[PDB]
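Peer 1: Shown below is the structure under consideration.
Read-outs throughout are calculated quantities, based only on the coordinates presented, and are distinct from any laboratory measurement. Please note: Cβ atoms are built from the backbone with ideal geometry, for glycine as well, and neighbour counts cover all protein chains shown.
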Amino acid sequence: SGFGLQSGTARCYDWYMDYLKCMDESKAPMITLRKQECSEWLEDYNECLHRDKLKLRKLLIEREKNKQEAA
Amino acid sequence: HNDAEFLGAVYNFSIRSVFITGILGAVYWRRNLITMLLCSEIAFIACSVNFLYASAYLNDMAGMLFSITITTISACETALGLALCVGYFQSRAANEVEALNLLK
Amino acid sequence: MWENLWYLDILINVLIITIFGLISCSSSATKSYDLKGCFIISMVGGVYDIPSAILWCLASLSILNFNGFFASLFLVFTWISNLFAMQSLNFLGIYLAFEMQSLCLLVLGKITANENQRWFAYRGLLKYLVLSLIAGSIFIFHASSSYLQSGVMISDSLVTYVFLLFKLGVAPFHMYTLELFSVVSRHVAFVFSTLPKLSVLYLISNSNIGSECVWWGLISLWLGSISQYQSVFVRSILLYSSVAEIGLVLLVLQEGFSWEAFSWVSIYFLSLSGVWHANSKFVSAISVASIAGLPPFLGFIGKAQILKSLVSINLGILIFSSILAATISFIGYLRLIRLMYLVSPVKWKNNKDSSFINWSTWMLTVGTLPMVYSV
Amino acid sequence: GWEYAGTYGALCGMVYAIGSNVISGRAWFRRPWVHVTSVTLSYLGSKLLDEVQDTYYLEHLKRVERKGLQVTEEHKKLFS
Amino acid sequence: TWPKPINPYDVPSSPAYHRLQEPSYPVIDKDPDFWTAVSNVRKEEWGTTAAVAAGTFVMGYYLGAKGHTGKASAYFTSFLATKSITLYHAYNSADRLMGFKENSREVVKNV
Amino acid sequence: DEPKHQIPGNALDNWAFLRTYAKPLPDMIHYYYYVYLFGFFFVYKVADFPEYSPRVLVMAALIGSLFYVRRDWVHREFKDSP
Amino acid sequence: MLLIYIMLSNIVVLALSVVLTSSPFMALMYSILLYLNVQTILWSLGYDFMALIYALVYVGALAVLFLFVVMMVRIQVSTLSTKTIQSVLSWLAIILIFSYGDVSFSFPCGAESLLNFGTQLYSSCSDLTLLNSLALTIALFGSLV
Amino acid sequence: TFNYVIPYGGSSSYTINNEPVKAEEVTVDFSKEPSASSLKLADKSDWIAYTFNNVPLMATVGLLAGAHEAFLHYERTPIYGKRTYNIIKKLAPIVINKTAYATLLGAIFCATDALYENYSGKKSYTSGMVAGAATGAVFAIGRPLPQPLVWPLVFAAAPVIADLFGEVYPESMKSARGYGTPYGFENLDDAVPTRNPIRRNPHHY
Ligand SMILES: CCCCCCCCCCCCCCCCCC(=O)OC[C@H](COP(=O)([O-])OCC(O)COP(=O)([O-])OC[C@@H](COC(=O)CCCCCCCCCCCCCCCCC)OC(=O)CCCCCCCCCCCCCCCCC)OC(=O)CCCCCCCCCCCCCCCCC
Ligand SMILES: CCCCCCCCCCCCCCCCCC(=O)OC[C@H](COP(=O)([O-])OCC(O)COP(=O)([O-])OC[C@@H](COC(=O)CCCCCCCCCCCCCCCCC)OC(=O)CCCCCCCCCCCCCCCCC)OC(=O)CCCCCCCCCCCCCCCCC
Ligand SMILES: CCCCCCCCCCCCCCCCCC(=O)OC[C@H](COP(=O)([O-])OCC(O)COP(=O)([O-])OC[C@@H](COC(=O)CCCCCCCCCCCCCCCCC)OC(=O)CCCCCCCCCCCCCCCCC)OC(=O)CCCCCCCCCCCCCCCCC
Ligand SMILES: CCCCCCCCCCCCCCCCCC(=O)O[C@@H](COC(=O)CCCCCCCCCCCCCCC)COP(=O)(O)OCC[N+](C)(C)C
Ligand SMILES: CCCCCCCCCCCCCCCCCC(=O)O[C@@H](COC(=O)CCCCCCCCCCCCCCC)COP(=O)(O)OCC[N+](C)(C)C
Ligand SMILES: CCCCCCCCCCCCCCCCCC(=O)O[C@@H](COC(=O)CCCCCCCCCCCCCCC)COP(=O)(O)OCC[N+](C)(C)C
Ligand SMILES: CCCCCCCCCCCCCCCCCCCC(=O)O[C@H](COC(=O)CCCCCCCCCCCCCC)COP(=O)(O)OCCN
C-alpha cells in the first residue's frame, strides 16, 4: 500500500521509495543486477524496518556493562 | 531486558499455535464437518490478526484491508459451507449413521 | 475519474442485466437467450489485450451451454474474478480474485445438482471447500509473515508460487479436482478445468512467479499418466489427463514460454469441449484424438508448442519423462476409443444441444493448417 | 501472409456444412442455405486471421528492432 | 515524533485508478467533464453508436422472440449496448482532450 | 466349444481371496487433508534443500517408487490386531 | 503488561479447548470466548473499530449461524472419550514443534483512525470495497437458493 | 544428396578451422552458476563425507514412504471401538524399518560410487553401474529367482539414465542458440542480435 495509519505515509515508506528510485536510475538489463547495484539502499530500508544493527549494538553494550559490573 | 521483545516472542508463539490448532486440530482429533469449518475460521482469524499486527508494526493500512477482506471472504465461505452441510444432512439415507463425520 | 469509468461500466452492466432478469422471470422463457446475449455484450467491455480476448471467447462459449439466468450470472461472476486475477499486483488482488472464483465454483456446483445427486455432489463440494480453506489459510499466513518481514506486498515470492500451484492443480494439489469434478455436472467440470487456468498462467507469466524446481511438473506428469492408465472410470481418465498436461505446461511456463501456454490453453479448451459434452461418438472420438495429440487435429499443434518449448530448455530428464508419460497417456486415450467403438453397442442420450460443439470439432480439424506457423 | 487463405477458408466452410449434415445423419446436400453461410463466414474468418497474423508479425519486427536486432532491409521485407 | 494535525473536512483523497503517463499531445482540458467529452465525440463514432444500436435491437428481438418477450429484450439490449459504446467513445474523447492520445482534429475544432 | 485359458486356482478359493477387499472403506478426505497440509509445508521446505546430484535424485526416485505401497494393498491386508 | 501477556497466553488455551472438547455446541462456546480474547488482543495493539468488527461479524452473526446449523443437524457424539494421555502429549508436541523458533518482532502499538480508513476505503482503495460487495452478493445468491 | 550415385551427407575438413564468432555483441546470462553447496555435496573425495552428505535424501524418501503406509494403517483402525493394542507400537516399526532400509540402500549406493571413483580415479559410467548393481544385489538377498537378475539391472540402469540425461545431454547441446544464426553456419545472412534474448530473470525460489 504505502499509506500511513493516522495520515501521511508508512513509517519506512521513504526508505523504500529511495531504493525504488535507485533501481529506476540503474541501467542494468535485469532486475537481479539492479537489485545488486541498489543493495545498500535495501539494507537501509531493512535497517529502518527492524533496527537490527541498533539492537545488536545495545546487546553488546549491555553485555559489556554486565561484565564490568560483575568484575 | 526488553518487554517488547518478550511480548513479540509471546505473540508469535501464541499466534502460530492458534493457527496450527485451527488448521490441524479438527482433523487430528476426528470431528464433524461443523467443527472443521469452525477451526478453519479460527485459522483465518489468526492470519487476519497477524496482518493487523503487521499493520501496527509498519504503520501501514495494507494489513487492515487484507484483514477486512479475510473477514468478508471467510464469512461467505462459512455460510456456503454450512448450506452445503445442511443439504448433505437432509439427503442422508437411513443406513448412514455418522454422515457428518467423514473422518471416522 | 475517466480511468475508473472503464471498470465501473462492467458493474453497471451486470447490475442492470441482473435486475432485468429478475423482473422478467417467467416460465415462458426459462432459457433466457436474450440475457445470455446481453451478458456476452457486457463482457466485451473488459477486453483490453489478446489474453483478455481469449478470456472473453472462453467465457462466452461456456455461457452458451448454461441454462437459466442464475447459472449465467454466476459465470459472469467467474469471468469478473478471472479478469481481476490477471490484473492482480499484490497478495490482496490474488487472494480476493481467487477466493471469489472459489465461491462461484461452489455455487455453480451446488445449483447444477439434482435431488438424487445431492449426496455425492454436496460431499465433493464440501471436500473441495475444506481443501481450499487449507490452501487459502496457509497462503494468507505466509503472506502475513512476508509482509511483516519485508514491509511490502510483492507478488514475486514462494508463497504465491505454491498457492498458484494449488490453483493449477499440479504436484500433490490435484486431488480436489478429482473429487469435485467427478461428482459435478459435465459442463461445470469442463468450464472450471480450462477457464481458470488462463488467469493463473497470465499471473505467473506477467509477475515473474517462477521457480527453479522442476520436481512438481515432473511429478504431475508421471502421477497423472500412471493414474490415467490405472483408472477404470472415464471421468478419472479425463481428469488425470489435465493433471499430466498442466504439469508439463507448468514446467514450460516457468522458463518464460508465455505465448505457448496461451495457445495451448485455447487448443485444450476446444479439444475438451467435444469429449465432455458427449452426444455423438464421432465428435467424442475427434476430441479424444485432439487431447491425445494426433497430427491431423488442432490438438497436435497445442502439444507441439509445449514439446518444442521443452527442447529449447535442453533438460534431458524432462524430455525422457515426457516421452514415456505421453505413451502411457496414449494407452488411456486408446482405452477411451476402444470403449466407444470396439467394446459393446453404445447408446447415449439424445441431448441435442450442441451449441459450439460442431464449431469446436470443425475448428479442431480445420485449424491445424492456419496455425502451422506457430510450430 | 498466406496466399491461399481465401481458398482454404471456402473449402473449410464446405467442410463445416457437409460435416454438420453428416453428424446429424442427414446427407451432405441437405440444408443448402447452411452451405453458403458457412463458406462465406469461413472465407472471411480465414482472411481476417491472416491479417491478424501479419499485424502481430509487424509488431514483433518493431519490437525486435527496438531491442537491438540489426534487421536488414531484406529482413524488413520478409514481414510485409 | 508528533502527530501531524489533520483537517477532517479536507483530508487528502485520490481516485483508485491512475494512468501513469505524461501527456504527449497538448492538453485542451486538464480535467474534462462528462459533457465536455461527449461534445467532442467524433461523427464517425456516433455513426458506430447508431449502427451498434440498430444491430443490437435486431439481435435482441430475435433472441427475445424465442422467449415470447421480443420487444422488451430489443429495447433493453439496444439501451445497454448504446450506453456501453457511448461510455467507450467518451473515454476515448476525454483521453484525447487530456493529451494522452492524438488530438489534431480536437484542437482545431475548439481552438 | 472353444479353447480357453486355464485359470489357476479353485473357484471358491479365488472368490474368497477377492472377498477380502470387501471391508469398511475410509473416506479419501482424511488422507487428502494430511497430504495437502504436509505437501504445502514440504514445498516451502524444498526451496531450502541443498542441491543434489542428478544421480542421487534419480536413485531416490527409484527407492521411493519401489517402497511406495498402493492403497489397495494395505486395504486388502489390513488386520485390526497387535 | 501482565494483562497483555495473559491475553496472549490465554488465546492458546482457548484454541486448544475447541479441538479437545467432544461436543460441537461446547466448541462453539469456546470459539466465542476465543473471539472475545482476540478482540482484547486487538485492543492492546491500538485498534478499536477493527476489534469491534471481529466481534460483530464473528460473535454477533457467524456464531448464531453455527448454532442454528448445530441444532438442526444434532447428532449423538457422546459415544466414547478417547483423550488418552498419549494422544494429548503428541498433540502438544506437534504444536510446540510448529510454533517454535520463528522470527519474532518487538510488540508495536499503533493508533488507528476511522477518518483515514474510511477515506482510503472509499477513494484510493474503492476497488477492494466493491469486489468485496460483489463477493457478498455471490454468497447471498448462492446460499439463498 | 537425394541421389543414388554418391554418398549422402558431406565431409568437413579437419585441417581447416573456423575462428569462433560471438553469438551477440553483448552476452547477458540469466543462468546462475552452481552453488558452493552443490559442489560440496558433489565432492566424492572422502567416501564417508560424501555418503553422509547425500543420505538425507534417501532418509527423507524412506520417511515419506513409511508415513504413507503408517497413515494407511492408522486411517483404517476404528476410533469408536477401543483397541487393546497400542497403535503407536504397531505403527512405529513400519516407519522405522522403511526409513532404515531406504537409508541403508542409499548408503550402499553412495559408498560404492565414491569408492569405485576413487580407486579407478576417473568419473565414468561404470562407477554408477557398479553402485547400482551392488544396491540391487543387496535388495534381492533373499528374493526368488528372477529378482536377483532384474534388480541389479534396474538399479545399475538408473545411474546410466541419470548420467546420460542429466550431465551428458546439457553439455552436449550447450552451443545451440535458436536465435540469430545457426551455431555452425555463421556465413549465412540471418539477422544478427546486439544482445541475447532474456526470456526470464534468474530464479530465486
Ligand atoms: C481489426 C484489427 C484486428 C487486427 C489486430 C487486432 C488488434 C486491434 C484490436 C481491434 C479489435 C479486433 C479484435 C481482434 C483482436 C482482439 C484484440 C483486442 O481487441 O484488443 C487488442 C488491442 C491492443 O492490444 P494488442 O494489440 O494485443 O497489443 C498489446 C500488447 O502488444 C500486448 O498484447 P499481446 O498479448 O498481443 O503481446 C504480443 C504477444 C503476441 O500475441 C499474438 O501474436 C496474438 C496472436 C493472435 C491470435 C488471435 C487469436 C486470439 C483469440 C481471440 C479472438 C478475438 C476475439 C475478439 C474479442 C474482442 C472483440 C472486439 O506476445 C506474447 O507472447 C503474448 C502472448 C499472446 C497470446 C498468445 C497468442 C495465442 C492465442 C491463442 C491462439 C491459439 C489458437 C487457437 C485457435 C486458433 C484457430 C485458428 O486493444 C484494443 O485495441 C482496444 C480493445 C477494444 C475491444 C473492445 C472495445 C470496443 C467496444 C467497446 C464497448 C463494448 C461494449 C459494446 C459491444 C459492441 C458490440 C455489441
Ligand atoms: C478456415 C480457417 C479457419 C480460420 C478462421 C475460421 C473462421 C471462424 C469462424 C467461421 C465460422 C464458420 C462456421 C460457422 C458457420 C455458421 C453456421 C451456419 O452456417 O448457419 C447456421 C444456420 C443453421 O441453420 P439450420 O441448420 O437450418 O437451423 C436453424 C433452424 O432453422 C432454427 O430456426 P430459427 O428460428 O432460428 O430461424 C432463424 C434463422 C434460421 O432460419 C433458417 O435457416 C431457415 C432457412 C432460411 C431461408 C433460406 C435461405 C434463403 C437463401 C439461402 C441461399 C441458399 C442457396 C442454395 C439454393 C439456391 C436457391 C436459389 O433465419 C435466418 O436465416 C436468419 C438470416 C436471415 C436470412 C434469411 C433469408 C433471407 C432472404 C434471402 C436473403 C438474400 C436472398 C438472395 C438469394 C436467395 C436465393 C439464393 O444457418 C442459417 O441460419 C442461415 C443464415 C442465413 C441464411 C442464408 C442467407 C444467405 C444469403 C442468400 C445467398 C446470397 C449469397 C450470400 C452472400 C450475400 C449475403 C446476402
Ligand atoms: C501422513 C500422510 C501420509 C502421506 C505421507 C506424506 C504426505 C505427502 C507430503 C508431501 C507430498 C509431496 C511429495 C510426495 C510424492 C508426490 C506424490 C503426491 O504427493 O501425490 C499425491 C498422492 C496421492 O495422490 P492421488 O492422485 O490421490 O493418487 C494417485 C495414485 O493413483 C494413487 O493410487 P495408487 O496408490 O493405488 O497407485 C499407485 C501408482 C501411482 O503411480 C505413481 O506413483 C507415479 C509416480 C511415479 C514417479 C513419480 C515422479 C518421479 C519424479 C520424482 C521427482 C524427484 C526426483 C527428480 C528426478 C527423478 C526423475 C524421475 O503407482 C503404483 O502403481 C505403485 C508403483 C509405484 C511407482 C510406480 C513406478 C515403478 C517404477 C520402478 C521400476 C521398478 C520395477 C522394475 C520391475 C518391474 C517388472 C516388470 O499422495 C501420495 O502418494 C504421497 C505419499 C508419499 C509417498 C511417496 C514416496 C516417495 C516420495 C518421493 C519419491 C518420488 C516418486 C513418487 C512415488 C510415489 C508417489 C505417489
Ligand atoms: C479467427 C477466428 C478463429 C479463432 C477462434 C476464436 C474466435 C471465434 C470466432 C468465431 C466464434 C464462433 C463461435 C461459434 C458458436 C456457435 C453458435 C452457437 O453456439 O449458437 C448457439 C447459441 O445458443 C444460445 O444459448 C444463444 C444465446 C446467445 C446467442 C448469441 C449471443 C450473441 C451476443 C452477441 C455476440 C456478438 C459479439 C459481440 C461483439 C464481438 C445455438 O446452439 P443451441 O440452440 O443451444 O443448440 C444447437 C442444437 N443443434 C445444433 C443440435 C441443432
Ligand atoms: C429487410 C429490412 C427490414 C426488415 C424488417 C425488420 C424491421 C423491424 C425492426 C427490427 C425488428 C427485429 C427484426 C426481425 C429479426 C428477428 C425477429 C424475429 O425473431 O422473427 C420472428 C420469429 O423468429 C423468426 O422467425 C426468425 C427470423 C430470423 C430473421 C429473419 C428476418 C430476416 C430480416 C429481418 C431483419 C433484417 C434487418 C432488420 C433491420 C436492420 C419474431 O416472432 P414474434 O415475436 O412473434 O413477432 C411476430 C409478430 N407477430 C407474430 C405478432 C405478427
Ligand atoms: C470491475 C470493477 C470493479 C471495481 C471497480 C473499482 C473502480 C470503480 C470505482 C469508482 C466507483 C464509482 C465512483 C464514481 C466513478 C467516477 C468518478 C465520478 O464520476 O464522480 C465525479 C463527480 O463529478 C460529477 O460529474 C458529478 C455528477 C456525477 C453523477 C453520476 C456520475 C457517477 C455515477 C456513478 C454510478 C453510481 C450511481 C448508482 C449506481 C447504479 C468525479 O468526482 P470529482 O471530480 O471529485 O467531483 C466533481 C468536482 N470537480 C469536478 C469540480 C472537480
Ligand atoms: C535407454 C538407454 C537405457 C539403456 C538400455 C540398455 C538395456 C537395459 C538393461 C539394463 C543394463 C544397465 C544399463 C547398461 C546400458 C549401458 C551399456 C553398457 C555399455 C558399457 O558398459 O560401457 C559403458 C558406457 O556405456 C554407457 O553407459 C552409455 C551407453 C548408453 C546406453 C545405451 C544407449 C542406447 C540404448 C537404447 C536401446 C533401445 C532403447 C530401449 C530401452 C562404460 O563407459 P565408461 O566411460 O565407464 O568406460 C569405462 C572406463 N572406466
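Peer 1: Count, please, the residues in segment E:67-86 that happen to be within 24 Å of C:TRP6 (Cα to Cα), within 15 Å of ligand 5 (Cβ to nearest atom) and buried (at least 19 other Cβ atoms within 10 Å of the Cβ).
Peer 2: Summing the residues that are within 24 Å of C:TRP6 (Cα to Cα), within 15 Å of ligand 5 (Cβ to nearest atom) and buried (at least 19 other Cβ atoms within 10 Å of the Cβ) in segment E:67-86 gives 4.
Peer 1: Here is a follow-up. Give me the residue from segment C:322-345 that is touching a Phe, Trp or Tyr at 6+ places or on another chain (Cβ under 9 Å) and small (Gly, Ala, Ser) and, out of that set, farthest from C:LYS308 (Cα to Cα).
Peer 2: C:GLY332
Peer 1: While we're on this one: Output the helices (runs of 4 or more DSSP H) that fall wholly within chain B and possess 3 or more residues being facing chain G (nearest Cβ under 9 Å) and of a type in the set (D, E, K, R), or say none. Write out each step before concluding.
Peer 2: Details: elements: B:3-28, B:33-58, B:62-90.
Here the list reads B:3-28.
Peer 1: Please return the ranges of helices (runs of 4 or more DSSP H) entirely within segment G:27-140 where 2 or more residues are away from ligand 3 (no atom under 16 Å from the Cβ) and over 21 Å from G:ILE4 (Cβ atoms). It would help to see each step written out before you state the result.
Peer 2: On the way: elements: G:49-54, G:63-73, G:85-98, G:114-122.
Of the helices (runs of 4 or more DSSP H) lying wholly inside segment G:27-140, those with at least 2 residues that are away from ligand 3 (no atom under 16 Å from the Cβ) and over 21 Å from G:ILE4 (Cβ atoms) span G:63-73, G:85-98, G:114-122.
Peer 1: Would segment C:307-314 turn up any residue that is within 15 Å of ligand 1 (Cβ to nearest atom) and surrounded by 24 or more Cβ atoms within 10 Å (Cβ to Cβ)?
Peer 2: If we filter segment C:307-314 for residues that are within 15 Å of ligand 1 (Cβ to nearest atom), which is where we start, we get C:308-309, C:312.
Applying the additional criterion that residues be surrounded by 24 or more Cβ atoms within 10 Å (Cβ to Cβ) yields none.
For segment C:307-314, residues within 15 Å of ligand 1 (Cβ to nearest atom) and surrounded by 24 or more Cβ atoms within 10 Å (Cβ to Cβ): absent.
Peer 1: Another question about this same structure. From C:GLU245, C:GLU260, which residue is within 25 Å of C:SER290 (Cα to Cα) and away from ligand 3 (no atom under 16 Å from the Cβ)?
Peer 2: On the way: C:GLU245 fails: away from ligand 3 (no atom under 16 Å from the Cβ).
The conditions single out C:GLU260.
Peer 1: Give the residues of segment H:153-168 that are more than 6 Å from ligand 7 (Cβ to nearest atom) and either on the phi > 0 side of the Ramachandran plot or in contact (Cβ under 8 Å) with a residue 12 or more places away in the chain (or both), sorted by residue number.
Peer 2: Of everything in segment H:153-168, those that are more than 6 Å from ligand 7 (Cβ to nearest atom) and either on the phi > 0 side of the Ramachandran plot or in contact (Cβ under 8 Å) with a residue 12 or more places away in the chain (or both) turn out to be H:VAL154, H:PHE155, H:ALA158, H:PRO159, H:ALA162, H:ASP163.
Residue-wise test of (1) more than 12 Å from every other protein chain (Cβ to nearest Cβ); (2) over 21 Å from F:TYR36 (Cβ atoms); (3) surrounded by 22 or more Cβ atoms within 10 Å (Cβ to Cβ); (4) not polar (S, T, N, Q).
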{"site": "C:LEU201", "(1), (2), (3), (4)": "yes, yes, yes, yes"}
{"site": "C:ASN208", "(1), (2), (3), (4)": "no, yes, no, no"}
{"site": "C:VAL234", "(1), (2), (3), (4)": "yes, yes, no, yes"}
{"site": "C:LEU239", "(1), (2), (3), (4)": "yes, no, yes, yes"}
{"site": "C:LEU270", "(1), (2), (3), (4)": "yes, yes, yes, yes"}
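Peer 1: Something else now. Let me confirm something: among H:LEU72, H:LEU64, H:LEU91, which residue is within 12 Å of ligand 3 (Cβ to nearest atom), surrounded by 17 or more Cβ atoms within 10 Å (Cβ to Cβ) and more than 11 Å from every other protein chain (Cβ to nearest Cβ)? Steps first, please.
Peer 2: Numbers: H:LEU72 fails: more than 11 Å from every other protein chain (Cβ to nearest Cβ); H:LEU64 fails: more than 11 Å from every other protein chain (Cβ to nearest Cβ).
Result of the check over H:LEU72, H:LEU64, H:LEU91: H:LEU91.
Peer 1: Among the residues of segment E:57-87, which ones are within 7 Å of chain C (Cβ to nearest Cβ), within 14 Å of ligand 4 (Cβ to nearest atom) and assigned to a helix (DSSP H, G or I)?
Peer 2: Those that are within 7 Å of chain C (Cβ to nearest Cβ), within 14 Å of ligand 4 (Cβ to nearest atom) and assigned to a helix (DSSP H, G or I): E:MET59, E:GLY60, E:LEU63, E:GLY64, E:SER73, E:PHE76, E:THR77, E:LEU80, E:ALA81, E:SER84.
Peer 1: I'd like to know if segment C:42-62 contains one or more residues that are charged (D, E, K, R) and more than 16 Å from ligand 2 (Cβ to nearest atom).
Peer 2: Among the residues of segment C:42-62, at least one is charged (D, E, K, R) and more than 16 Å from ligand 2 (Cβ to nearest atom), which makes the answer yes.
Peer 1: Can you name every one of the helices (runs of 4 or more DSSP H) wholly within segment C:1-68 that holds 3 or more residues which are over 19 Å from the mean Cα position of the chain (by Cα) and either within 11 Å of chain E (Cβ to nearest Cβ) or within 16 Å of ligand 3 (Cβ to nearest atom) (or both)?
Peer 2: On the way: elements: C:2-23, C:33-42, C:50-64.
Fully inside segment C:1-68 and qualifying: C:2-23, C:33-42.
Peer 1: Moving to a separate point now. Restricting attention to segment H:121-141, does a residue exist that is more than 13 Å from chain F (Cβ to nearest Cβ), within 12 Å of ligand 3 (Cβ to nearest atom) and without any contact (Cβ under 8 Å) to a residue 12 or more places away in the chain?
Peer 2: no
Peer 1: Among the candidates D:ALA17, D:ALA27, single out the residue that is among the aliphatic types (A, V, I, L, M), out of contact with any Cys (no Cβ under 9 Å at 6 or more places or on another chain), buried (at least 19 other Cβ atoms within 10 Å of the Cβ) and closer than 20 Å to C:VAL283 by Cβ. Talk me through it step by step, then tell me what you get.
Peer 2: On the way: D:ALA27 fails: buried (at least 19 other Cβ atoms within 10 Å of the Cβ).
From the options D:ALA17, D:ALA27, the qualifying one is D:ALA17.
Peer 1: Would you point out which residue out of C:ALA143, C:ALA85, C:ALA121 is in contact (Cβ under 8 Å) with a residue 24 or more places away in the chain, farther than 30 Å from C:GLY68 by Cβ and part of a helix (DSSP H, G or I)?
Peer 2: Numbers: C:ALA85 fails: farther than 30 Å from C:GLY68 by Cβ; C:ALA121 fails: farther than 30 Å from C:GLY68 by Cβ.
Unique residue meeting the criteria: C:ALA143.
Peer 1: Considering only residues that are surrounded by fewer than 22 Cβ atoms within 10 Å (Cβ to Cβ) and polar (S, T, N, Q), look in segment C:43-64 and name the one that is nearest to ligand 7 (Cβ to nearest atom).
Peer 2: So the residue we want is C:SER52.
Peer 1: Right, another one. How many of the residues making up segment A:1-38 are polar (S, T, N, Q), part of a loop (DSSP other than H, G, I, E, B) and within 19 Å of E:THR1 (Cβ to Cβ)?
Peer 2: Here is the first cut: in segment A:1-38, the residues polar (S, T, N, Q) are A:1, A:6-7, A:9, A:26, A:32, A:36.
Restricting the remaining residues to those that are part of a loop (DSSP other than H, G, I, E, B) gives A:1, A:6-7, A:26.
When the remaining residues are screened for being within 19 Å of E:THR1 (Cβ to Cβ), the result is A:6-7.
Number satisfying all stated conditions: 2.
Peer 1: Only one residue in B:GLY81, B:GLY87 is closer than 18 Å to C:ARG118 by Cβ and in contact (Cβ under 8 Å) with a residue 12 or more places away in the chain, so which one is that? Spell out the reasoning first.
Peer 2: Numbers: B:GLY87 fails: in contact (Cβ under 8 Å) with a residue 12 or more places away in the chain.
The match here is B:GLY81.
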